[PDB]
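Same chain, two forms, each on its own as structure tokens: structure 1, then structure 2.
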Structure 1
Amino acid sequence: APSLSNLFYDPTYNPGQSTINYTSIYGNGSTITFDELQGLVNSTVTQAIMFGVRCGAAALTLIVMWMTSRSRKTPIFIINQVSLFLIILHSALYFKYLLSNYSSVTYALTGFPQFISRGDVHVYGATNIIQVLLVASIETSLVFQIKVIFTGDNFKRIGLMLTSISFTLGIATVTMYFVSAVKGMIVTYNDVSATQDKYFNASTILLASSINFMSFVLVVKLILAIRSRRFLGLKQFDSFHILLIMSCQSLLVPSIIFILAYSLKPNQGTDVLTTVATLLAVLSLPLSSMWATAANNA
């Protein structure tokens, strides 16, 4: 503490317009303000916050789903476990990414490819493969939720149609995620300072449209299946009510979160809200099973 400068006593000076001087590949001065830097750090912290929420919610849902799911060896239980373990493992690799040398402001300000370690490239690839397997597990669950729920309906013509369309969408999104993954891998392995996000947007919209399709089918069907129970009988509080509530939640909240992720300001780190939408689309079914068992037991 040699001596406090005059600007410590001025009540009008703001640090946000002050300039940082640092070295970069493009030039020598490359001035940047503390508010672009705090935007970068706030985006990184916001991504970390949502991925922490994902990791904690998925881990505790996995733990609770074991403690209480009496119907072990069901395919939907095994799929739900594979999906929760893949959410946890994806969140873990991402938690390394946020604390690595690609999310650091060292690389986001100074585009130096020497700072890059090839292990970080391998972590990037492992995360992309785990995301592909996650989408595969989610669509396996959904094709297994429409196949099983369409068994027993007299109108099996339209049930088979619905299974077919859903399964087509599942294969299309899984193939698009794998194509996006490999088209990002060849570019990253070749040049560490480039990206291929062209197919990303398409694969995420494909997944969102699949989820939207599922919530439509499950809500339409359950609506006709409580209208048939209201013209004869009544539908106000049975487990029927729990499935209908979770399917209306799956209808309204992940779509709202997808549009919120596509509408808000860019570069603020809010773009990973699509992962909260997929988190809730995953967590609708195990929580639905828990409520269903805890309203059937009585």
Structure 2
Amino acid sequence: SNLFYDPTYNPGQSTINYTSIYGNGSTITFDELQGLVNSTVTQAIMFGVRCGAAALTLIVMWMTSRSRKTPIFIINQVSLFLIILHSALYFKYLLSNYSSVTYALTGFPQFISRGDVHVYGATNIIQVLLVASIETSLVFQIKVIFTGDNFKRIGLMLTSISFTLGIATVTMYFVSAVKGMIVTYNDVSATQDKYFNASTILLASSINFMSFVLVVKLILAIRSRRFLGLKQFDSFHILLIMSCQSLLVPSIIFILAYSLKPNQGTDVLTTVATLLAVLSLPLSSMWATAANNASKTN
């Protein structure tokens, strides 16, 4: 109890030294371990926000729906349910042997078990299915906004470019999942990071491009609506607001996740960006039905 009396002292710099595979000493400061713990806590906060927002959008979509068995309704229920399931599996990863400082510092591979590898592969499979559901919803949105045009030259080309981007990022997420599953099946302490960054940049650019297509086509539809009167607030303004939201907000979150400092756990901001890119469609359907019935009421 020598250092209690000292009024000026920094216990964040003091040395934790533990048994490890590099050596029996293995000294590290309290501030680096607290940075690790803050990274895990920030990941837990973002995945908690994801799970809670998806759970309540699932409840409100079950309650505030005029139409069920509708295809976009089913795609959105699959998307929100896969967000809930992926966040549940990520909560089960964060409170597990891999995330723990018993393996994040002391790299003893006996702590890891085959169940954690199975859960890892399951979480990657659920993320692949979630990206498939997101791209399915976006290609359905483009393929339903580009029907009806009488000059199908830029429309079919834009829809094929969107389908190519969607199947490209689903394939990139799929090959990233298979490559991570085989490299974890071989060695439990190995990682692949190139395919993840490729698939994440492909997903961000996919959401950006399809939101650009949606914003420009909704601007042209609103201009064609101004030719028919109709300067009232309508469903198309809600679609433009939520499309510009999915154009601006998760792009800014992706740029922020690539922009901020590393090793603080803020790299999972891509999840919150993916989450808002999902929630662009159910909240617009809720706002559209609410504005329809409230305008018929008013």
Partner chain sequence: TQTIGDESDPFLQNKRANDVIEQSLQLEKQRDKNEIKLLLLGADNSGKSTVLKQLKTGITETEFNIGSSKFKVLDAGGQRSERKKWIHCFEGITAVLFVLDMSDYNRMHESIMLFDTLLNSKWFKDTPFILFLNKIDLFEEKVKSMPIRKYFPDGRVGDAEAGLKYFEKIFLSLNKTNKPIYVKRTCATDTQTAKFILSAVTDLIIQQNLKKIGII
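Definition used throughout: the rigid core is the maximal C-alpha set that superposes within 1.5 Å between two forms. FYI, numbering is relative to structure 1, first residue = 1.
- Annotation: structure 1 represents the form solved without its partner chain, while structure 2 represents the other form.
- For the residues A172, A225, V182, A126, superposed on the rigid core between the two structures, a C-alpha shift of 2 angstroms or more shows up only at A225.
- When two forms of a protein are overlaid on their rigid core, residues whose CA moves 2 Å or more are considered shifted, and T31 is not one of them between the two structures.
- Comparing the forms between the two structures, the C-alpha position of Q236 differs by 2 angstroms or more, with the core used for superposition.
- Relative displacement of the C248 Cα between the two structures on rigid core alignment is 1.2 Å.
- If you overlay the core, the Cα of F155 moves by 2.9 Å between the two structures.
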